[PDB]
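Taking it in order: structure first as structure tokens, then the write-up.
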There are 4 protein chains.
Amino acid sequence: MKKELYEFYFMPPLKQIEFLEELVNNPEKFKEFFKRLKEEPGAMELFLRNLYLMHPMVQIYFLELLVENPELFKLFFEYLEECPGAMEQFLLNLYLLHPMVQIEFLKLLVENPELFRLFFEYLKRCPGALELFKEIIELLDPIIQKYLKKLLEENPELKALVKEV
Amino acid sequence: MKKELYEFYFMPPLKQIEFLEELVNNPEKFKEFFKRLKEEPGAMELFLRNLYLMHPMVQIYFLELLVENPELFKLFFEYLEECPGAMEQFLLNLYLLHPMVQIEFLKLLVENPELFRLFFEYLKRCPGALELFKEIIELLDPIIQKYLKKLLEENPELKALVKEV
Amino acid sequence: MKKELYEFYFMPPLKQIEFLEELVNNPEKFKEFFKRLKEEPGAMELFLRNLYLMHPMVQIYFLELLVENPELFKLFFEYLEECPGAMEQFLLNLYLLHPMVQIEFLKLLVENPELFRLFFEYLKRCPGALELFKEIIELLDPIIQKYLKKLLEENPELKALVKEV
Amino acid sequence: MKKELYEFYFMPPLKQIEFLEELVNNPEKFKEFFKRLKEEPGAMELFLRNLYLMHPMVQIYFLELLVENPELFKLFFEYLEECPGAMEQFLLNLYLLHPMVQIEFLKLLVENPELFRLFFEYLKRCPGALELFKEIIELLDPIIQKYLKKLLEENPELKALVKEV
């Protein structure tokens, strides 16, 4: 186990892009790889620790593969919702992503409103995350905060979800 | 199409300098390469994402090519005048350039006053944007701001342009 | 002598992890390597300067070896305690670690209470260093300060131990 | 000429360390190399622009050669004092050096008080400038400012030397 997740993380980015472009295009390999990450104790938090430390373009290429293959995004965020603490590990890496990555994540959700709402329901069903999530937004810089407001109200129903919390 | 721009972006910097140098040394290749970026849906925002995430020295070498080869700078900021989200996307990635890169970009424009004024007109001829440009001065470190001030005061005309708004 | 520590620092990170994964799995090599670093004049400062500048995953992985091999963690902070000024250089690089590394370091100590208290003793034992540790903990992002309190409060004894100082 | 400084800057760090460890051990090569940088129009500001963007350990290893070969440090701060902008191109990169590098630079001068005095006089002999040095130390982290004050207290003569301006 452990040597695989470091071997992956220390490949050159082109090989990691190729590895993920194989994996999340084949549901039969995706499903069982996330079984491997939960069969070894805590190993899903070692895969996510390695993930958030990647070159930021590989992180956006990964979220671009999931959001555009949404038959696997709802399942992926079911693993991190079922496993306690992993949702808090997500947000406390999301706050630290270099801001182009936060912008591309935000675009990818507001441009696919089903996958925004489904993600936003998991922040209720993993308990107590919303006060931290509101604080993440509140600690962003004034440029990103202004731009996210101007971007979000391109769909005022998602503005209402953001007001409902 | 898109995998070419990833392949390009993941090359070692010397290959990208060599590619961008051979590209903009040939106006007949420059024009059509941007037609390829503009005809594929949305793809120019994916090339520009890959640009702002480059090694900082390749970003200055690229601007150092255009401004000192300016018969292609006049065309380049025409493409970003055409596409209404792209000028917003430029400034809100400019603010996230390294302070040494912002300093060198400002030197590069103020030392070529025609190409300063042309860029400054595009901020008015594109919708909105100009209040982002002002705040993206005002949000910088006090040392950077004093330096960029003591730089621009060399030209009372370019001082008049920035102070007219 | 000095060339070994630069050659090591400039190897690709997999070779460094291989080198450390051998070294602190062999106590007969561990004690010899650190004796060479204490004996050559100032070389223990040059190994630690090269350590805090590493790729953040090699830094996490190194602490992940020591804390789980505590028969060597005991010795390691004995060497720094027997080299006055090194405990200053420790904290004054810890404050500059990437937040994901500080978070994992804290996690590794509170999940191994003996090795938290052992570390905490040397903050008294190196003359007056404790005040710099308290001050550094006050100088972190406000959501990370609350996250470290929420994490530490999982053990009320160690929660008491940081409050009784 | 100009392409040499990019070919150099894009070599792997071991080659740059080798190239510099050859150069500032041979005064006959050192004076010639900087004469080329002085003669080609603006090229010394292109070398310094490439220098301050280096991997931070190469920046320290370079100053660690000069200060310990001070018979070449005296000449080096003729060049950067003679071009009237170049001293500002030091300080407006020095404020942007990573904090561990600024600490190791400061330590390296405080351990050689005559080379500290030599550098400090060149700030006054280059036009104006000294108020930027006072501002730079006032803008560092509170931990760094406190630590540099306690580090400089190791030499009361240099405490007087920084107080007398």
| Rounded FRET efficiency, nearest 0.05, which uses the C-beta distance separating A:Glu154 from D:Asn25 and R0 of 45 Å | 0.15
| message | Whole-Hz ³J(HN,Hα) for each residue in segment D:122-134, computed from phi via Karplus 6.51 cos²θ - 1.76 cosθ + 1.60 with θ = phi - 60°, x for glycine and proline: what do you get? | response | 4, 4, 7, 7, 5, x, x, 6, 4, 4, 5, 5, 4
| request: Just subtract the alpha-carbon distance of C:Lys107 and C:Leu130 from 0.36 nm times their residue separation and send over the number in nm, one decimal. | output: 6.3 nm
| said: Placing the label point 7 Å from Cα along the Cα-to-Cβ direction, what are the distances from C:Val58 to the equivalent spots in the other copies, shortest first, in nm to one decimal? | reply: 1.6, 1.6, 2.3
| note | Dividing the helical contributions, -39500 (n - 2.57) per DSSP H run of n ≥ 4, by the residues of chain B yields a 222 nm value, nearest 500 deg cm²/dmol, of -23000 deg cm²/dmol
| In peptide B:45-52, how many Cβ atoms from other protein chains are near each Cβ within 10 Å, on average? | 1
| request: Just tell me how shielded B:141-147 is by partners: mean number of partner chain Cβ atoms within 10 Å of each residue's Cβ, no decimals. | output: 4
| note | For the C:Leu94, D:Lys35 Cβ pair and Förster radius 45 Å, calculated FRET efficiency rounded to 0.05 is 0.50
| query | C:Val165 to A:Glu7: FRET efficiency via 1/(1 + (r/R0)^6), r the Cβ-Cβ distance, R0 51 Å, to the nearest 0.05? | reply | 0.75
| note | Copies of B:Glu78 compared via label points 7 Å along Cα→Cβ give distances in nm, shortest first, of 5.2, 5.3, 7.6
| said: Which order do the peptides C:84-93, C:23-32 come out in when sorted by mean C-beta neighbours inside 10 angstrom, highest first? | reply: C:84-93, C:23-32
| task | Could you state the angle between the C-alpha long axis of helix B:142-152 and the longest principal axis of the C-alpha atoms of chain B, as a value from 0 to 90 degrees rounded to the nearest 10? | result | 90
| message | Ordered shortest first, which distances in nm separate the 7 Å Cα→C-beta label point of B:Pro13 from those of the other copies? | response | 1.4, 1.4, 1.9
| query | For C:88-95, what's the mean count of beta carbons from other chains sitting within 10 Å of each residue's beta carbon? | reply | 3
| Solvent-free Debye scattering, log10 I(q)/I(0), computed from the Cα coordinates of the protein assembly as shown at q = 0.10 Å⁻¹ | -1.18
| remark: For B:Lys35, counting only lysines whose alpha-carbon sits under 27 Å away and dropping same-chain residues fewer than eight positions off, the answer is A:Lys107, B:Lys2, B:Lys3, B:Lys15, B:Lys74, B:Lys124
| request: Give a residue-ordered list of calculated ³J(HN,Hα) values for segment D:78-83 (Karplus: 6.51 cos²θ - 1.76 cosθ + 1.60, θ = phi - 60°; whole Hz; x for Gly, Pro). | output: 7, 3, 6, 9, 5, 6
| request: Please give the helix D:27-39 orientation as an angle from the longest Cα principal axis of chain D, in degrees from 0 to 90, rounded to the nearest 10. | output: 90
| task | Obtain the nm distance between the two label points defined at C:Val58 and A:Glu82 by a simple spin-label model: each point lies 7 Å from its Cα along the Cα-to-C-beta direction. | result | 3.8
| field | Gyration tensor (Cα) of segment A:2-164, equivalent ellipsoid semi-axes in angstrom | value | 27, 17, 16
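Every residue, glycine as well, gets a Cβ built from its backbone with ideal geometry; the counts of neighbours run over all protein chains shown. Quick note: the coordinates plus some simple rules give every number you see, no bench work behind them.
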